[PDB]
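Reproduced below: protein.pdb, with PDB, C-alpha atoms.
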ATOM      1  CA  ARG A 208     -19.328 -35.136 -54.063  1.00  0.00           C
ATOM      2  CA  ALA A 209     -16.310 -34.524 -51.829  1.00  0.00           C
ATOM      3  CA  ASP A 210     -15.946 -33.273 -48.258  1.00  0.00           C
ATOM      4  CA  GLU A 211     -18.062 -30.208 -47.463  1.00  0.00           C
ATOM      5  CA  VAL A 212     -17.132 -29.011 -43.956  1.00  0.00           C
ATOM      6  CA  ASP A 213     -16.039 -30.215 -40.504  1.00  0.00           C
ATOM      7  CA  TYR A 214     -19.068 -29.164 -38.464  1.00  0.00           C
ATOM      8  CA  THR A 215     -17.173 -30.143 -35.288  1.00  0.00           C
ATOM      9  CA  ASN A 216     -14.587 -27.388 -35.899  1.00  0.00           C
ATOM     10  CA  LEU A 217     -14.890 -24.014 -34.162  1.00  0.00           C
ATOM     11  CA  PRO A 218     -12.541 -21.086 -34.926  1.00  0.00           C
ATOM     12  CA  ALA A 219     -10.876 -20.382 -31.605  1.00  0.00           C
ATOM     13  CA  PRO A 220     -11.790 -17.000 -30.072  1.00  0.00           C
ATOM     14  CA  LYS A 221      -8.864 -14.763 -30.986  1.00  0.00           C
ATOM     15  CA  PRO A 222      -8.082 -12.914 -27.727  1.00  0.00           C
ATOM     16  CA  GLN A 223      -6.897  -9.320 -27.534  1.00  0.00           C
ATOM     17  CA  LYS A 224      -4.805  -7.959 -24.672  1.00  0.00           C
ATOM     18  CA  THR A 225      -6.468  -4.914 -23.135  1.00  0.00           C
ATOM     19  CA  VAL A 226      -4.342  -1.783 -23.554  1.00  0.00           C
ATOM     20  CA  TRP A 227      -4.397   0.896 -20.855  1.00  0.00           C
ATOM     21  CA  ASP A 228      -3.818   4.583 -21.512  1.00  0.00           C
ATOM     22  CA  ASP A 229      -0.267   5.665 -20.667  1.00  0.00           C
ATOM     23  CA  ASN A 230      -0.549   7.992 -17.677  1.00  0.00           C
ATOM     24  CA  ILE A 231       0.972   8.220 -14.203  1.00  0.00           C
ATOM     25  CA  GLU A 232      -1.963   6.214 -12.841  1.00  0.00           C
ATOM     26  CA  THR A 233      -0.873   3.418 -15.198  1.00  0.00           C
ATOM     27  CA  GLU A 234       2.824   3.578 -14.317  1.00  0.00           C
ATOM     28  CA  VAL A 235       1.970   3.422 -10.612  1.00  0.00           C
ATOM     29  CA  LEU A 236      -0.424   0.525 -11.281  1.00  0.00           C
ATOM     30  CA  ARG A 237       1.572  -1.171 -14.046  1.00  0.00           C
ATOM     31  CA  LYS A 238       1.860  -4.530 -12.281  1.00  0.00           C
ATOM     32  CA  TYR A 239      -1.800  -4.603 -11.236  1.00  0.00           C
ATOM     33  CA  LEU A 240      -3.037  -3.629 -14.703  1.00  0.00           C
ATOM     34  CA  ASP A 241      -0.795  -6.255 -16.304  1.00  0.00           C
ATOM     35  CA  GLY A 242      -2.254  -8.858 -13.956  1.00  0.00           C
ATOM     36  CA  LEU A 243      -5.770  -7.828 -14.951  1.00  0.00           C
ATOM     37  CA  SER A 244      -4.862  -8.122 -18.634  1.00  0.00           C
ATOM     38  CA  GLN A 245      -3.390 -11.588 -18.079  1.00  0.00           C
ATOM     39  CA  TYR A 246      -6.508 -12.687 -16.197  1.00  0.00           C
ATOM     40  CA  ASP A 247      -8.697 -11.355 -19.011  1.00  0.00           C
ATOM     41  CA  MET A 248      -6.714 -13.281 -21.626  1.00  0.00           C
ATOM     42  CA  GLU A 249      -6.884 -16.470 -19.552  1.00  0.00           C
ATOM     43  CA  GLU A 250     -10.650 -16.073 -19.181  1.00  0.00           C
ATOM     44  CA  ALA A 251     -11.045 -15.486 -22.922  1.00  0.00           C
ATOM     45  CA  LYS A 252      -9.015 -18.593 -23.770  1.00  0.00           C
ATOM     46  CA  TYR A 253     -10.716 -20.924 -21.290  1.00  0.00           C
ATOM     47  CA  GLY A 254     -14.174 -19.366 -21.569  1.00  0.00           C
ATOM     48  CA  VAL A 255     -15.120 -17.862 -18.204  1.00  0.00           C
TER      49      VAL A 255
ATOM     50  CA  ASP B  58      65.180  16.567  41.004  1.00  0.00           C
ATOM     51  CA  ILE B  59      67.287  15.802  37.923  1.00  0.00           C
ATOM     52  CA  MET B  60      67.220  12.245  36.619  1.00  0.00           C
ATOM     53  CA  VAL B  61      63.550  11.222  36.626  1.00  0.00           C
ATOM     54  CA  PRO B  62      62.459  14.659  35.315  1.00  0.00           C
ATOM     55  CA  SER B  63      64.797  14.364  32.328  1.00  0.00           C
ATOM     56  CA  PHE B  64      63.525  10.906  31.396  1.00  0.00           C
ATOM     57  CA  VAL B  65      59.901  11.992  31.758  1.00  0.00           C
ATOM     58  CA  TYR B  66      60.717  14.874  29.417  1.00  0.00           C
ATOM     59  CA  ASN B  67      62.204  12.402  26.933  1.00  0.00           C
ATOM     60  CA  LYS B  68      59.011  10.326  27.067  1.00  0.00           C
ATOM     61  CA  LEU B  69      56.590  13.149  26.267  1.00  0.00           C
ATOM     62  CA  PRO B  70      56.956  13.313  22.453  1.00  0.00           C
ATOM     63  CA  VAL B  71      56.446   9.607  21.762  1.00  0.00           C
ATOM     64  CA  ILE B  72      53.506   9.290  24.156  1.00  0.00           C
ATOM     65  CA  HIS B  73      51.910  12.377  22.623  1.00  0.00           C
ATOM     66  CA  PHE B  74      52.387  10.911  19.148  1.00  0.00           C
ATOM     67  CA  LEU B  75      50.987   7.503  20.094  1.00  0.00           C
ATOM     68  CA  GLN B  76      47.943   8.959  21.848  1.00  0.00           C
ATOM     69  CA  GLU B  77      47.149  11.156  18.849  1.00  0.00           C
ATOM     70  CA  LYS B  78      47.188   8.047  16.661  1.00  0.00           C
ATOM     71  CA  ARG B  79      44.993   6.209  19.162  1.00  0.00           C
ATOM     72  CA  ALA B  80      42.480   9.063  19.075  1.00  0.00           C
ATOM     73  CA  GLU B  81      42.497   9.046  15.273  1.00  0.00           C
ATOM     74  CA  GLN B  82      42.010   5.280  15.413  1.00  0.00           C
ATOM     75  CA  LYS B  83      38.889   5.726  17.545  1.00  0.00           C
ATOM     76  CA  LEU B  84      37.457   8.314  15.150  1.00  0.00           C
ATOM     77  CA  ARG B  85      38.227   6.098  12.159  1.00  0.00           C
ATOM     78  CA  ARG B  86      36.430   3.148  13.754  1.00  0.00           C
ATOM     79  CA  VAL B  87      33.452   5.389  14.538  1.00  0.00           C
ATOM     80  CA  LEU B  88      33.165   6.379  10.881  1.00  0.00           C
ATOM     81  CA  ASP B  89      33.734   2.839   9.605  1.00  0.00           C
ATOM     82  CA  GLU B  90      30.742   1.472  11.555  1.00  0.00           C
ATOM     83  CA  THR B  91      28.298   3.856   9.840  1.00  0.00           C
ATOM     84  CA  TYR B  92      26.292   2.414   6.951  1.00  0.00           C
ATOM     85  CA  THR B  93      23.146   3.836   5.358  1.00  0.00           C
ATOM     86  CA  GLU B  94      20.259   1.484   6.183  1.00  0.00           C
ATOM     87  CA  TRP B  95      17.555   1.241   3.510  1.00  0.00           C
ATOM     88  CA  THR B  96      14.213  -0.178   4.635  1.00  0.00           C
ATOM     89  CA  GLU B  97      11.726  -2.101   2.493  1.00  0.00           C
ATOM     90  CA  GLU B  98       7.977  -1.504   2.739  1.00  0.00           C
ATOM     91  CA  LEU B  99       5.072  -3.553   1.408  1.00  0.00           C
ATOM     92  CA  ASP B 100       4.420  -2.544  -2.186  1.00  0.00           C
ATOM     93  CA  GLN B 101       1.074  -0.802  -2.599  1.00  0.00           C
ATOM     94  CA  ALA B 102       0.210  -2.809  -5.725  1.00  0.00           C
ATOM     95  CA  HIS B 103      -0.530  -5.879  -3.604  1.00  0.00           C
ATOM     96  CA  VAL B 104      -2.794  -3.662  -1.498  1.00  0.00           C
ATOM     97  CA  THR B 105      -4.522  -2.517  -4.686  1.00  0.00           C
ATOM     98  CA  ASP B 106      -4.914  -6.152  -5.770  1.00  0.00           C
ATOM     99  CA  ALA B 107      -6.410  -7.254  -2.448  1.00  0.00           C
ATOM    100  CA  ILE B 108      -8.749  -4.258  -2.680  1.00  0.00           C
ATOM    101  CA  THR B 109      -9.906  -5.434  -6.109  1.00  0.00           C
ATOM    102  CA  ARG B 110     -10.387  -9.030  -4.958  1.00  0.00           C
ATOM    103  CA  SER B 111     -12.473  -7.898  -1.983  1.00  0.00           C
ATOM    104  CA  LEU B 112     -14.810  -6.175  -4.459  1.00  0.00           C
ATOM    105  CA  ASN B 113     -15.506  -9.647  -5.977  1.00  0.00           C
ATOM    106  CA  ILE B 114     -14.261  -8.392  -9.364  1.00  0.00           C
TER     107      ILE B 114
END

Spell out the structure here as C-alpha cells.
Amino acid sequence: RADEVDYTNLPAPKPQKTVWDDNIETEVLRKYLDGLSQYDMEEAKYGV
Amino acid sequence: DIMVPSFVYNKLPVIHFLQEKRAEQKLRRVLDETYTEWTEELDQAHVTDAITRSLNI
C-alpha cells in the first residue's frame, strides 16, 4: 500500500496563442493583434 | 581722361571674377540649407487599441 495520488495537484491549463489569418488587415493590425494574443495568454495563465 | 580710365579697365576682370564667385557662393549656401523634413504622426494602432478598450472588451 504505497502512495496513490496527490489530490492537491492540478495539471496547469496549457495555453495556446491565438493565431490570426495572414491578410492585409492583419499586417496593418499586427501590433494590436499581438497585444490581444498576449492578453489572452496572460488571462489563461492567471485565470481571468 | 587717361590714367584713371586705364586703371578702372585693369580692375574689371578681377572684380568680375570675384563677383561671379560670390554669386555662386550664395547659390551654394541656398542649396546647402535645404533638407527634406519627415514628419511623424500618431500610429493608428494606438487609436485601434483605445477604440477596443472603450468597447469594454

Test item: chain B residues at most 12 Å from chain A, counting all atoms listed in the file, as a PyMOL selection string: chain B and resi 100-110+114

Keeping only C-alpha atoms, take the residues you just selected and write them out as an mmCIF file, keeping the file's coordinate frame.
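And here's part_17.cif as it stands now:
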data_model
loop_
_atom_site.group_PDB
_atom_site.id
_atom_site.type_symbol
_atom_site.label_atom_id
_atom_site.label_comp_id
_atom_site.auth_asym_id
_atom_site.auth_seq_id
_atom_site.Cartn_x
_atom_site.Cartn_y
_atom_site.Cartn_z
ATOM 1 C CA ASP B 100 4.420 -2.544 -2.186
ATOM 2 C CA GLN B 101 1.074 -0.802 -2.599
ATOM 3 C CA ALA B 102 0.210 -2.809 -5.725
ATOM 4 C CA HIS B 103 -0.530 -5.879 -3.604
ATOM 5 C CA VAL B 104 -2.794 -3.662 -1.498
ATOM 6 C CA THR B 105 -4.522 -2.517 -4.686
ATOM 7 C CA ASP B 106 -4.914 -6.152 -5.770
ATOM 8 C CA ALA B 107 -6.410 -7.254 -2.448
ATOM 9 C CA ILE B 108 -8.749 -4.258 -2.680
ATOM 10 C CA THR B 109 -9.906 -5.434 -6.109
ATOM 11 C CA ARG B 110 -10.387 -9.030 -4.958
ATOM 12 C CA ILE B 114 -14.261 -8.392 -9.364
#

Atom-to-atom span, CA of residue 247 (chain A) and CA of residue 111 (chain B), Å: 17.8 Å

Residue 221 (chain A) environment, 10 Å, only C-alpha atoms, sequence neighbours closer than 2 positions dropped, as a count of residues only: 6

Residue 241 (chain A) environment, 10 Å, all atoms listed in the file, sequence neighbours closer than 6 positions dropped, as a list in words: residues 224, 225, 226, 227, 233 and 247 of chain A

Store the residues picked out above in a file with C-alpha atoms, as a compact mmCIF listing (two decimals), keeping the file's coordinate frame.
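Saved file part11.txt follows:
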# COMPACT_ATOMS: atom_id res chain seq x y z
CA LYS A 224 -4.80 -7.96 -24.67
CA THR A 225 -6.47 -4.91 -23.14
CA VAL A 226 -4.34 -1.78 -23.55
CA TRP A 227 -4.40 0.90 -20.86
CA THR A 233 -0.87 3.42 -15.20
CA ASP A 247 -8.70 -11.36 -19.01

Distance of CA of residue 220 (chain A) from CA of residue 253 (chain A), expressed in Å to one decimal place: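 Taking CA of residue 253 (chain A) and CA of residue 220 (chain A), their separation equals 9.7 Å.
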
Straight-line distance linking CA of residue 113 (chain B) with CA of residue 245 (chain A), stated in Å to one decimal: 17.2 Å

Block slice region 75-97 of chain B, N, CA, C and O atoms, emitted as a PDB file, in the first residue's frame:
ATOM      1  N   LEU B  75      35.576  87.854 -59.073  1.00  0.00           N
ATOM      2  CA  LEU B  75      35.238  87.721 -57.661  1.00  0.00           C
ATOM      3  C   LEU B  75      33.733  87.766 -57.439  1.00  0.00           C
ATOM      4  O   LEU B  75      33.205  87.049 -56.582  1.00  0.00           O
ATOM      5  N   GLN B  76      33.024  88.604 -58.196  1.00  0.00           N
ATOM      6  CA  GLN B  76      31.582  88.709 -58.013  1.00  0.00           C
ATOM      7  C   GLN B  76      30.855  87.486 -58.548  1.00  0.00           C
ATOM      8  O   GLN B  76      29.803  87.113 -58.018  1.00  0.00           O
ATOM      9  N   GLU B  77      31.389  86.851 -59.592  1.00  0.00           N
ATOM     10  CA  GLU B  77      30.833  85.577 -60.034  1.00  0.00           C
ATOM     11  C   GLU B  77      30.964  84.521 -58.948  1.00  0.00           C
ATOM     12  O   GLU B  77      30.019  83.770 -58.681  1.00  0.00           O
ATOM     13  N   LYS B  78      32.132  84.450 -58.307  1.00  0.00           N
ATOM     14  CA  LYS B  78      32.322  83.500 -57.219  1.00  0.00           C
ATOM     15  C   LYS B  78      31.383  83.800 -56.061  1.00  0.00           C
ATOM     16  O   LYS B  78      30.807  82.885 -55.462  1.00  0.00           O
ATOM     17  N   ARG B  79      31.215  85.081 -55.733  1.00  0.00           N
ATOM     18  CA  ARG B  79      30.308  85.456 -54.656  1.00  0.00           C
ATOM     19  C   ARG B  79      28.883  85.023 -54.970  1.00  0.00           C
ATOM     20  O   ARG B  79      28.164  84.537 -54.089  1.00  0.00           O
ATOM     21  N   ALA B  80      28.455  85.193 -56.221  1.00  0.00           N
ATOM     22  CA  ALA B  80      27.119  84.755 -56.605  1.00  0.00           C
ATOM     23  C   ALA B  80      26.988  83.243 -56.502  1.00  0.00           C
ATOM     24  O   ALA B  80      25.978  82.731 -56.003  1.00  0.00           O
ATOM     25  N   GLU B  81      27.999  82.508 -56.969  1.00  0.00           N
ATOM     26  CA  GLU B  81      27.985  81.058 -56.817  1.00  0.00           C
ATOM     27  C   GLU B  81      27.962  80.667 -55.348  1.00  0.00           C
ATOM     28  O   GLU B  81      27.306  79.692 -54.966  1.00  0.00           O
ATOM     29  N   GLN B  82      28.672  81.420 -54.509  1.00  0.00           N
ATOM     30  CA  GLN B  82      28.674  81.135 -53.080  1.00  0.00           C
ATOM     31  C   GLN B  82      27.276  81.281 -52.493  1.00  0.00           C
ATOM     32  O   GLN B  82      26.857  80.470 -51.660  1.00  0.00           O
ATOM     33  N   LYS B  83      26.541  82.311 -52.915  1.00  0.00           N
ATOM     34  CA  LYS B  83      25.177  82.487 -52.427  1.00  0.00           C
ATOM     35  C   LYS B  83      24.287  81.329 -52.854  1.00  0.00           C
ATOM     36  O   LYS B  83      23.511  80.803 -52.048  1.00  0.00           O
ATOM     37  N   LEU B  84      24.384  80.916 -54.118  1.00  0.00           N
ATOM     38  CA  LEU B  84      23.582  79.792 -54.589  1.00  0.00           C
ATOM     39  C   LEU B  84      23.934  78.518 -53.837  1.00  0.00           C
ATOM     40  O   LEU B  84      23.047  77.741 -53.461  1.00  0.00           O
ATOM     41  N   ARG B  85      25.225  78.287 -53.607  1.00  0.00           N
ATOM     42  CA  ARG B  85      25.648  77.089 -52.893  1.00  0.00           C
ATOM     43  C   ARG B  85      25.078  77.063 -51.481  1.00  0.00           C
ATOM     44  O   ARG B  85      24.608  76.022 -51.011  1.00  0.00           O
ATOM     45  N   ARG B  86      25.108  78.204 -50.792  1.00  0.00           N
ATOM     46  CA  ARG B  86      24.549  78.269 -49.448  1.00  0.00           C
ATOM     47  C   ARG B  86      23.043  78.050 -49.466  1.00  0.00           C
ATOM     48  O   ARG B  86      22.486  77.446 -48.542  1.00  0.00           O
ATOM     49  N   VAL B  87      22.366  78.532 -50.509  1.00  0.00           N
ATOM     50  CA  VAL B  87      20.926  78.317 -50.622  1.00  0.00           C
ATOM     51  C   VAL B  87      20.620  76.830 -50.719  1.00  0.00           C
ATOM     52  O   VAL B  87      19.706  76.319 -50.062  1.00  0.00           O
ATOM     53  N   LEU B  88      21.380  76.114 -51.545  1.00  0.00           N
ATOM     54  CA  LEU B  88      21.166  74.679 -51.689  1.00  0.00           C
ATOM     55  C   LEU B  88      21.524  73.932 -50.412  1.00  0.00           C
ATOM     56  O   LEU B  88      20.835  72.980 -50.029  1.00  0.00           O
ATOM     57  N   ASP B  89      22.598  74.347 -49.739  1.00  0.00           N
ATOM     58  CA  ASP B  89      23.076  73.616 -48.573  1.00  0.00           C
ATOM     59  C   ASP B  89      22.105  73.677 -47.401  1.00  0.00           C
ATOM     60  O   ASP B  89      22.139  72.792 -46.541  1.00  0.00           O
ATOM     61  N   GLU B  90      21.247  74.691 -47.345  1.00  0.00           N
ATOM     62  CA  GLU B  90      20.302  74.847 -46.246  1.00  0.00           C
ATOM     63  C   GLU B  90      19.015  74.059 -46.451  1.00  0.00           C
ATOM     64  O   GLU B  90      18.142  74.091 -45.578  1.00  0.00           O
ATOM     65  N   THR B  91      18.880  73.360 -47.571  1.00  0.00           N
ATOM     66  CA  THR B  91      17.684  72.583 -47.866  1.00  0.00           C
ATOM     67  C   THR B  91      17.855  71.166 -47.339  1.00  0.00           C
ATOM     68  O   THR B  91      18.881  70.525 -47.588  1.00  0.00           O
ATOM     69  N   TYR B  92      16.853  70.680 -46.609  1.00  0.00           N
ATOM     70  CA  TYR B  92      16.922  69.331 -46.052  1.00  0.00           C
ATOM     71  C   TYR B  92      15.510  68.793 -45.870  1.00  0.00           C
ATOM     72  O   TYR B  92      14.723  69.333 -45.089  1.00  0.00           O
ATOM     73  N   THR B  93      15.185  67.768 -46.652  1.00  0.00           N
ATOM     74  CA  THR B  93      13.926  67.039 -46.535  1.00  0.00           C
ATOM     75  C   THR B  93      13.538  66.864 -45.073  1.00  0.00           C
ATOM     76  O   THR B  93      14.323  66.360 -44.267  1.00  0.00           O
ATOM     77  N   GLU B  94      12.321  67.282 -44.735  1.00  0.00           N
ATOM     78  CA  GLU B  94      11.806  67.211 -43.370  1.00  0.00           C
ATOM     79  C   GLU B  94      10.685  66.181 -43.292  1.00  0.00           C
ATOM     80  O   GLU B  94       9.578  66.422 -43.788  1.00  0.00           O
ATOM     81  N   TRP B  95      10.971  65.040 -42.671  1.00  0.00           N
ATOM     82  CA  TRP B  95       9.977  63.992 -42.469  1.00  0.00           C
ATOM     83  C   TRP B  95       9.250  64.193 -41.148  1.00  0.00           C
ATOM     84  O   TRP B  95       9.882  64.363 -40.100  1.00  0.00           O
ATOM     85  N   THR B  96       7.924  64.169 -41.206  1.00  0.00           N
ATOM     86  CA  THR B  96       7.079  64.339 -40.035  1.00  0.00           C
ATOM     87  C   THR B  96       6.614  62.981 -39.526  1.00  0.00           C
ATOM     88  O   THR B  96       6.529  62.009 -40.281  1.00  0.00           O
ATOM     89  N   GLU B  97       6.313  62.925 -38.232  1.00  0.00           N
ATOM     90  CA  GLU B  97       5.855  61.711 -37.572  1.00  0.00           C
ATOM     91  C   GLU B  97       4.441  61.932 -37.057  1.00  0.00           C
ATOM     92  O   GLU B  97       4.162  62.953 -36.419  1.00  0.00           O
TER      93      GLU B  97
END
